[PDB]
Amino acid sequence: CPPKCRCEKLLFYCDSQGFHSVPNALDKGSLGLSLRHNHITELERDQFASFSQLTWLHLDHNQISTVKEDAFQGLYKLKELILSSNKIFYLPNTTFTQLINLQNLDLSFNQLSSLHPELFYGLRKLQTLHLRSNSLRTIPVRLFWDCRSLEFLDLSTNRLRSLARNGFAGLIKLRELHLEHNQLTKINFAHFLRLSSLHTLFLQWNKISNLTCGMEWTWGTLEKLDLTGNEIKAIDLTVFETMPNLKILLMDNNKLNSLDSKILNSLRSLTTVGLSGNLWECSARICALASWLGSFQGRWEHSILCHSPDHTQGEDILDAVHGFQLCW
């Protein structure tokens, strides 16, 4: 066992040492390697050539800025690779292609601005992919073609401006998708057509104005949709016909004015809803919603208050409806 490193087994724990590069190990058959919280700034070719048998490799919390071609070559048995909390901004197209058994890949908290379309090719056994807290602006149509077994994808806290129109291919088994805290403007739910195993979709804290659906299709597996804190003011009358089994819908902190009876008649499988913090107009228009709320038997965590007109401001939707004879 190499200097400054304590080894519990064939696993090597070299965290918090004053390391500036990967150490040469006498023992080459190590199963794991942890180099957390060091001062590594660069990953060389075949740096891990000695550690062929490595199954997990932790390199988080380093100052890594440059990753050479073939940095991870020869690591066929590696199934977890953590590279979060570094200064990575470019990755060569061949950088992961040898990691054929990889299962968890973590690249969050890096300075990535774009990704080579073929970056993740051949990562068939990948299950979770963490790309949170990066500066990505776009995402290649062909990027996820091969993630045949991915079921968790995190693209939150980035700078995504748009969603590619024809491209979620290869994510047929994905269950949970995080797109929160980006900069999306519109949502066309037809764009998610390929994700036919999704249970949960997080879209909170974007800049979404519109909710539309261009294709008529049925998303039977979607059960939770978090749209909290957007700028939604308009919704196409069929976007929820698409989600018959939707059970949790959160639309707090938006700019919703009203909800059509056509919309609400498609939200009958809900068990939890969120409509607080909006711009509701307590006029004759709100009857569809008022009627829906009384009929409802599920949860809402925060009271849903009227915004307009001035003499209804701050009052419960139902209290205002029955108080002021707005409906029926």
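Throughout, we count residues from 1 along the sequence that is shown.
Look at the C-alpha B-factors of 91 to 99 and of 183 to 191. On average they run higher in 91 to 99. Across the two stretches, 10 to 18 and 301 to 309, the PDB entry reports the greater mean Cα temperature factor for 10 to 18. Comparing the listed residues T242, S162, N166, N110, the entry records the largest Cα B-factor for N110. Sorting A288, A284, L279, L57 by the CA temperature factor given in the entry leaves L57 at the top. For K233, the recorded CA temperature factor ranks within the lowest third of the chain's modelled residues.
Per the deposited record, the Cα B-factor of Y76 falls in the highest third when ranked against the other modelled residues of its chain. Compared with the other modelled residues of the chain, the Cα B-factor recorded for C1 ranks in the highest third. The entry lists a Cα temperature factor for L275 that places it in the lowest third of the chain's modelled residues. In the PDB entry, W292 places in the lowest third of its chain by CA B-factor.
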